[PDB]
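Written out below as structure tokens is the structure these notes cover.
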Amino acid sequence: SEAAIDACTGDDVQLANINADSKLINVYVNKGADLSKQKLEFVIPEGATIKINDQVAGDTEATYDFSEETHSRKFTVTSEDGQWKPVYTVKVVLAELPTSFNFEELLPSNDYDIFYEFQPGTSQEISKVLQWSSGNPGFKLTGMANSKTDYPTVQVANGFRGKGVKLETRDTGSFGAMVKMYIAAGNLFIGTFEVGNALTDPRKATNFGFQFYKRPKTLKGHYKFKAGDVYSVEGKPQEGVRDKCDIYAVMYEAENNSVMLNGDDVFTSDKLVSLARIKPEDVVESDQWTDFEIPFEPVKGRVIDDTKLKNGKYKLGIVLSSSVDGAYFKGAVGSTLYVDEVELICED
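If you want it as structure tokens, here you go:
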């Protein structure tokens, strides 16, 4: 019966737009990706198989060559049924990270919100693309959410100011307790979420950053924050600490594209060259929007090198969280961070 491409991922892939009607899939990759050696995976219906329509000299057993003229290759998805042979055209497109984020658009999903940015530009300019990640795939496993709005990371309509992100620390229930993940902070971050590690190493599940080619100077936007009533540490109520949200960005050196920071080393890694992080004393709780303007400060006197920057050896991440220590299960259920927009101001 079923025959179509449901998803498309890959080592260099930042975002894929599958157009079910035209059978065209645009796959956006980092600006420094080797188009002649692309590793790609496709999710298709149970039983069906995926075969590339042709082979070229540059193809290997592990990668496909998209370096020819159109940067496109056709794939057929035979049903299993054997009755439908729908041909997709996969096109690889170079993209860079945006510097402006508005939380307006969501990728299709049946379970939870997935935010993305797509800023096409001119025919002479590179598109700016991002698929934001969050802990939502992990929270799905808890069985606590009944709808999209029950997740820690949700899109909201802020009335007159339009769309924004709502991050709320949630109770993970008995399931979370069994795996010692007593709460789930609402987060949104540049990078990837490795769902395979969601329960065994949740801090290693959050990988931060993608190649960035400019020097960041300031992280700006607006936010509202309200701490939850009952702060907890490893599932047990605890007085004496009031919950705080977190908003930060990092620039770090990645000797090769496989290198990423994660939840255990994002502030301590020797690879970290620059950090912009909201000061805890500056965090306020209000029903009014508050401006944030966080400067990027060098880490341990390190500098961004021109040649390395141009060569794609630095990566940037942005992270938003409703509970600053929520990744260690210290925070208050109900802590909520709203952000309407974020902008990265760069130098030069």
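Mapping the sequence shown onto the working numbering, position 29 (from 1) lands on 49, and the numbers just tick up by one.
A virtual CB, placed ideally from N, CA and C, is assigned to each residue, including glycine.
N- and C-terminal bounds of the beta strand (DSSP E) containing residue i
i, result
"residue 207", "207-209"
"residue 111", "107-116"
"residue 103", "Counting along the chain, residue 103 falls outside any beta strand (DSSP E), and DSSP gives it neither H nor E."
"residue 70", "69-72"
"residue 364", "356-366"
Alpha-carbon to alpha-carbon, residue j and residue i
i, j, result
"residue 293", "residue 70", "43 angstroms"
"residue 54", "residue 281", "22 angstroms"
"residue 68", "residue 28", "15 angstroms"
"residue 177", "residue 183", "5 angstroms"
"residue 132", "residue 207", "13 angstroms"
"residue 82", "residue 22", "26 angstroms"
"residue 212", "residue 156", "12 angstroms"
"residue 44", "residue 333", "32 angstroms"
"residue 46", "residue 134", "18 angstroms"
"residue 245", "residue 279", "33 angstroms"
"residue 247", "residue 154", "20 angstroms"
"residue 356", "residue 342", "5 angstroms"
"residue 104", "residue 289", "51 angstroms"
"residue 223", "residue 283", "4 angstroms"
"residue 89", "residue 74", "15 angstroms"
"residue 329", "residue 52", "12 angstroms"
Contact check, residue i vs residue j, beta carbons under 9 angstroms
i, j, result
"residue 85", "residue 111", "no"
"residue 234", "residue 366", "yes"
"residue 295", "residue 317", "yes"
"residue 346", "residue 189", "yes"
"residue 309", "residue 242", "yes"
"residue 252", "residue 353", "yes"
"residue 50", "residue 114", "yes"
"residue 204", "residue 158", "yes"
"residue 172", "residue 148", "no"
"residue 362", "residue 121", "yes"
"residue 324", "residue 271", "yes"
"residue 269", "residue 291", "no"
"residue 116", "residue 146", "yes"
"residue 106", "residue 24", "yes"
"residue 232", "residue 335", "yes"
"residue 312", "residue 298", "yes"
"residue 138", "residue 35", "yes"
"residue 163", "residue 195", "yes"
"residue 92", "residue 80", "no"
Run of the alpha helix (DSSP H) containing residue i, from where it starts to where it stops
i, result
"residue 350", "Per DSSP, residue 350 belongs to no alpha helix (DSSP H); it is in the beta strand (DSSP E), 350-352."
"residue 225", "222-225"
"residue 94", "Run containing residue 94: none in the alpha helix (DSSP H); it sits in the beta strand (DSSP E), 92-98."
"residue 160", "156-160"
Residues bridged to residue i (per DSSP)
i, result
"residue 30", "60"
"residue 47", "36 and 112"
"residue 138", "149"
"residue 84", "58"
"residue 204", "190"
"residue 173", "187"
"residue 342", "According to DSSP, which records beta bridges pairwise, residue 342 is partnered with nothing at all."
Any chain B beta carbon closer than 9 angstroms to residue i
i, result
"residue 249", "Of the chains in the structure shown, none is chain B; there is only one protein chain."
- [ ] With a floor of 4 residues, list each alpha helix (DSSP H) that falls wholly inside the segment 230-262, ordered by position along the chain.
- [x] none
TODO: Mind listing, in chain order, the continuous beta strand (DSSP E) runs of no fewer than 3 residues lying wholly within the segment 175-200?
DONE: 183-188
Open item on the list: Restricting to runs no shorter than 3 residues, where is the beta strand (DSSP E) found entirely within the segment 250-335?
Closed with: 251-253, 266-273, 292-297 and 310-315
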